[PDB]
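For the first sequence, the residue numbers in the numbering used here are 67 to 1232. Just so it is clear, CB atoms sit at the ideal spot from N, CA and C, and this is done for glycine as well. Reviewing the structure listed below.
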Amino acid sequence: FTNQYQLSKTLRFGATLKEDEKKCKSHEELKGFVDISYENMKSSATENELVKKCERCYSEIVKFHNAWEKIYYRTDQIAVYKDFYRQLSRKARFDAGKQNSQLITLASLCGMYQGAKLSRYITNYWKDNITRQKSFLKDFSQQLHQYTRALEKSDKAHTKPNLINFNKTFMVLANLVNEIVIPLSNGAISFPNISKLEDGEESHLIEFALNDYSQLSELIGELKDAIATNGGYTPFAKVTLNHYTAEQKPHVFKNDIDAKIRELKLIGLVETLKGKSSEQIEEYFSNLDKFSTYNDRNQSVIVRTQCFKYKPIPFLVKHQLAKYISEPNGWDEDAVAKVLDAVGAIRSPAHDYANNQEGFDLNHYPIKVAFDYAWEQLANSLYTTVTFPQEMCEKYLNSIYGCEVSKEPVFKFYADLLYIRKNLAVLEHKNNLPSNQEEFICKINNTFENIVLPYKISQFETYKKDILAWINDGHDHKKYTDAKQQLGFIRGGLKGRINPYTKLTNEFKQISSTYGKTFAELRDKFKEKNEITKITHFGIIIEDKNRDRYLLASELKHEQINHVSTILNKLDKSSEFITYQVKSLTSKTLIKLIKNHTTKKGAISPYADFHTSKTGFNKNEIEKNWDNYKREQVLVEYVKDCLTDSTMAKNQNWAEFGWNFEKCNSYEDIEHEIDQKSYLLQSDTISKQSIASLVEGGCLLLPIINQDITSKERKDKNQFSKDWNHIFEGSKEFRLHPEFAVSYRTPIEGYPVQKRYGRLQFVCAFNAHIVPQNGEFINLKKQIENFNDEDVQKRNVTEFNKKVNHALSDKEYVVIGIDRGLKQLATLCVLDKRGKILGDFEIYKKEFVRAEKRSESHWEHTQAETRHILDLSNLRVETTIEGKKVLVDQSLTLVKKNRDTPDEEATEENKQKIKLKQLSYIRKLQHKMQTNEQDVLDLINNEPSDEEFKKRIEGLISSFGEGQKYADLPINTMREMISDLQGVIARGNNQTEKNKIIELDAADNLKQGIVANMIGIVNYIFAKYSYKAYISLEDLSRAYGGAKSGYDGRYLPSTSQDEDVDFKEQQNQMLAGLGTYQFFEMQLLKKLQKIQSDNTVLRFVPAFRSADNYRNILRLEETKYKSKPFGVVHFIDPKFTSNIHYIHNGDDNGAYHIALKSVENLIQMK
RNA sequence: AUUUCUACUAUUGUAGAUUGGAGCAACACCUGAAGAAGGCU
RNA sequence: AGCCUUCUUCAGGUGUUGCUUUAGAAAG
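See below:
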């Protein structure tokens, strides 16, 4: 059950020292330097205003771009620092050589390197930078003037560009400008020869040199931090712990980019559309057979998309991709750009039939577009004359459905409901009421009385009665409005309920998903080309005598000195502060070293240390034919000798990695051995004065903080702190990835400094890798290949649980069967392998004890019940003060009404499904607050009492679906939100202040934590039975019937009506977003693949990433029940689930039967 | 009180859970608009 | 001319669901 897969694990750590009086002081030996560096980090940490700022920035970067384009080639003026010149040697790909000056004027570099001037490489790099930022300035100019035109003309508000592509275009443009302007603001590009008096003819350079580009840099950084801030966290730095990974150059995704364009068949699509006019591409897409192309799996997904719905290629990827594929094919870039632009051009059949009528055809338009036009304009035709091609729309709908549409009951019912809505709209037109309303009343009555119901609707007659009563006599407006809203819901959900059309929409789900994934991956890997500086800091972890750990990060652009050597030169062996840094190698680095070696005459490759003088290096065979030369034995032997006896293997001391290539007879074996053994945590020491000189020199001393490692009695209770102190043992199996990103979160106003949101919080997010050292392991990139192919993943699951069932064949296993519902969020039953109901779980309780000494107060746990079939809903694993882990019921201990009231008693309940119920009620109120706003303000009309206010809510909000109807309504929070909405609608009716109230609250965190309690329970039981256990779950993927949505009264279809309907998600929407089925599934399965003992990771379910990896697996056969085994988890069919006397409830029986259905076929199968 | 989430306590914190970043698709509603159709005055 | 409804489209927001990509040293 050992883990054979590589795993990543982000361990986030705070970097802001809390200074509360009730927080233990930590990092005291370097406290002054921590507080100094906090002020350093505080000083550089900060849709119509955004675009005004973008237009201001675009004007400054156009001015800067046009000024820089006339300076960069005047090489007698530019001078570079030595660190900048070396980074230019790496970036412009030449040899630095020997420069014996701190300031290198480009009037030097007249020497030759590989057939060119040395300064010409710098000038050509800057010229390429100018060209790329000019192209991105053109793209950003197009988007910016488009969005500005949409802004300052309220008529044209529908022409806004995509904001994600707008933001990402500015991020690429900001990177490209920043590569030039950051050395200008830092002085790494300076102009020393400006002292001579030539202002009569060279004054334009004088305005360039003394201009403050710090202002432009900070304004661009302001926009970047505005764009990059997601969730309140702004990226601060990207620190490396391995200094060879510093000064990193962007990854080349050439093979990955070319594979997506191959998958898109984009080259062949531009082949059949290049040279066409913009109207001829339109006629090509018009004359395409929509239905045969849409279902043709071998077509382009781009073509298969534009024959169902007009879906244009996104702006950023389309301009990166047009320039990408225009180059090697010799195409004109404008022609391929025109082809890419005309793909997915929106066309309206209604607007086109309005303009002209002859030559019109619904086959010219995509399936959804023409279907919508035909269905809507034919529904209007059954009660009035409509100017549209009536028989053509009939023919189109009959071709789609195979039957005579406008004779079907469903389409007729849609036409009646649309006509009813139209006549109610005319009769409601209060400003322009008709002179003769009687004939509209007659029309409504006639349409309601001649209507025929296609199926059963329970409440339709009530809606009809209320609407007819309102129009005829005027009884009620509330019931009439509710009835009209429900009829609108029915009519909206009726569109296409006649299977031939839901199939096409379900196919478009995957087709548009592949379209979006491929273009998003292409955009992410084309944006990678301009990620010039990934690493900004080089850092070490500094440990002192109290085992506190710091982060001494130093900017790589901070000054003209070498900032990799600055930290490392100050390391000693007998100092007081132990420093750590990662010494590691990967197959990624190896393949970067082998392929990029150069054997040209004038070239001095930077990788000549890595490569020895054997026979195995042949550049053409490595470059053009790598995947065939990697299997040749001469290259394997050459790579082994390059890793053993090269210059780089003795300079970097690669013999300390403990490599052994006596078993590696292949290149994949070499890469695996490198990825397995190559990790050492290089421990050195540094002094107090060295840290003082570095922090005073501008470096940042971020203190690594969490609750456990900065407490008084520093015992590791968290798994992140346990992993943190497992990393610094130097063990190979649990590594520290050298790269990690520091971010910051600005304080929220209205929050005190005693809380983390009223504090500027810096977070270090370390990545820790689990690399199995016992033999062959599967790396992360091999894993994503298996996750992306369902046949490979099916075979992997089959071989994994073949391995598992051999282990637990002749063992005395138990079976852990879990039911899921709403009455109990999960209930668990443990069975013996013969089916005997086990379970002697002691259920404890907490009571807080106030000791005489105040800091010695603690929780004492006492046993309260003995339960056998557990209700996991109110349980959480608790560790007592004696170290024993017990099961504690949260509901047994009351909680206090107001937090931080030590002298008051506890009088409130602590059920978790009550929390879910309250959040669902809040989300239902916020939904009706958006859609039915005045109805929501009517709830507090005359300052109601709580009972009559609850009665008022019961006419607006649906119940939860569990417990009594409106059991635990959050009235004191609901009335506060409605009063806040009344206040916001008063004093100006601002929309953002409304959106802070009316928008739905996220439900994922509450139910994630509530499920995490239960996952801890299941982990405790699984480890209790010595991991020789089986787990059984339902297959809750099929919805046998319909449901009503929690938000509206909307009907949620079954799986029969729509094959993509999942029972868990249908029930989630039934509860207004508070379903805990898939959360329990995903959290249990993500727990079971990483179950961690003292120092070893034990894996009990196969490797998976998505939900289509654990669903859509091979089910076992030749048994009683249909079960899908996923490691130790069996997803049995839920059909007929709901010491035999241990069953007391209706769902204890369900959990016992879920366990028993797995017991039976584990008996039969093995 | 939190790396963060959840539940707490007021114990210089507690217990469980914790892989983070960028997006993509479908849906729901809101907001800003456009097009067409029918219709009202 | 004003105005209402209806369908579709566009942009954003917030949710719900899934789904990918990325996360160690890239010179002909």
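Close Cβ partners of residue i (< 7 Å) along its chain, the five nearest in sequence each way excluded
| i | result |
| --- | --- |
| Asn-1056 | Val-1050 |
| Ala-436 | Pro-415, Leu-428, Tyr-462 |
| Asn-1178 | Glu-856 |
| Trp-790 | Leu-77, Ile-775 |
| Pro-227 | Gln-209, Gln-212, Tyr-213, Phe-381 |
Residue i - partner residues in DSSP beta bridges
| i | result |
| --- | --- |
| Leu-746 | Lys-649 |
| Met-178 | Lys-183 |
| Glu-931 | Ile-909 |
| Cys-830 | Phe-79, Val-808 |
| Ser-256 | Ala-145 |
| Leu-941 | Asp-955 |
| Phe-514 | Note: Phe-514 sits in no beta bridge, so no partner. |
| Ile-884 | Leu-894 |
| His-1196 | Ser-1098, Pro-1191 |
| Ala-619 | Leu-766 |
| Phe-914 | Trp-925 |
Which listed residue (the options) has its alpha carbon closest to that of residue i
| i | options | result |
| --- | --- | --- |
| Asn-726 | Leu-354, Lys-743, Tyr-733, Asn-717 | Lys-743 |
| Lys-108 | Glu-115, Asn-114, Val-100 | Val-100 |
| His-603 | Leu-802, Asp-1012, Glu-313, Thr-300 | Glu-313 |
| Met-1231 | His-803, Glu-698, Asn-867, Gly-1112 | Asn-867 |
| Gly-841 | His-541, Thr-450, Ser-579, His-738 | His-738 |
| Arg-1116 | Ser-921, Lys-788, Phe-786, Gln-552 | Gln-552 |
| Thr-664 | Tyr-139, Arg-159, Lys-91 | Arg-159 |
| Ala-831 | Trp-536, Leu-1072, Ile-770 | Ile-770 |
| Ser-524 | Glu-931, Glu-218, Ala-669, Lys-1110 | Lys-1110 |
| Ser-1224 | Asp-610, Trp-925, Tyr-879 | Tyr-879 |
Burial state of residue i (16 or more Cβ within 10 Å)
| i | result |
| --- | --- |
| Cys-730 | buried |
| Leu-276 | exposed |
| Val-402 | buried |
| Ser-1172 | exposed |
| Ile-1229 | exposed |
| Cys-469 | exposed |
| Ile-556 | buried |
| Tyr-521 | exposed |
| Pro-818 | exposed |
| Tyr-485 | buried |
| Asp-265 | exposed |
| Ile-670 | exposed |
| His-924 | exposed |
| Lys-919 | exposed |
| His-224 | exposed |
Proximal residues to residue i (C-beta, below 8 Å), its chain only, five neighbours per side dropped
| i | result |
| --- | --- |
| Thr-959 | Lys-911, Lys-912, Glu-913, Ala-972, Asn-976 |
| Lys-983 | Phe-1026, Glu-1028, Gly-1029, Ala-1033, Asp-1034, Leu-1140 |
| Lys-990 | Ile-1023, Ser-1024, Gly-1112, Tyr-1113, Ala-1138 |
| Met-237 | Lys-290, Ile-293, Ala-294, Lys-593 |
| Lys-304 | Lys-600, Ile-601, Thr-602, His-603, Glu-805, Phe-806, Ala-807, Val-808 |
Nonlocal neighbours in the same chain, by C-beta distance under 6 Å from residue i, ignoring five residues either side
| i | result |
| --- | --- |
| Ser-1024 | none |
| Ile-1081 | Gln-1149, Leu-1150, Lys-1153 |
Taking the runs of the beta strand (DSSP E) that are 3 residues or longer, which of them lie wholly in the region 761 to 809?
The region 761 to 809 contains these whole beta strand (DSSP E) runs: 766 to 769.
I'd like the ranges of any beta strand (DSSP E) spanning at least 3 consecutive residues and lying wholly in the region 528 to 613.
Annotation note: the region 528 to 613 contains the following uninterrupted beta strand (DSSP E) runs of length 3 or greater, listed N- to C-terminal: 607 to 609.
List in chain order: all unbroken alpha helix (DSSP H) runs of 4+ residues lying wholly within the region 976 to 1015.
As for any alpha helix (DSSP H) of minimum length 4 sitting wholly inside the region 976 to 1015, the runs are 978 to 997, 999 to 1003, ordered along the chain.
Please list the segments of the beta strand (DSSP E) lying wholly inside the region 623 to 692, counting only runs of 3 or more residues, in order along the chain.
The region 623 to 692 contains these whole beta strand (DSSP E) runs: 643 to 650.
Which runs of the beta strand (DSSP E) spanning at least 3 residues fall entirely within the region 286 to 355, listed in chain order?
Listed in chain order, they are 299 to 306.
Taking only runs that begin and end inside the region 1045 to 1120, name each unbroken beta strand (DSSP E) of 3 or more residues, in chain order.
The beta strand (DSSP E) runs lying completely inside the region 1045 to 1120 and spanning 3 residues or more are 1095 to 1100, given in chain order.
For a minimum of 4 consecutive residues, which ranges assigned as the alpha helix (DSSP H) are wholly contained in the region 77 to 120?
Scanning the region 77 to 120 for uninterrupted alpha helix (DSSP H) segments of 4 residues or longer gives 97 to 109, listed from N- to C-terminal end.
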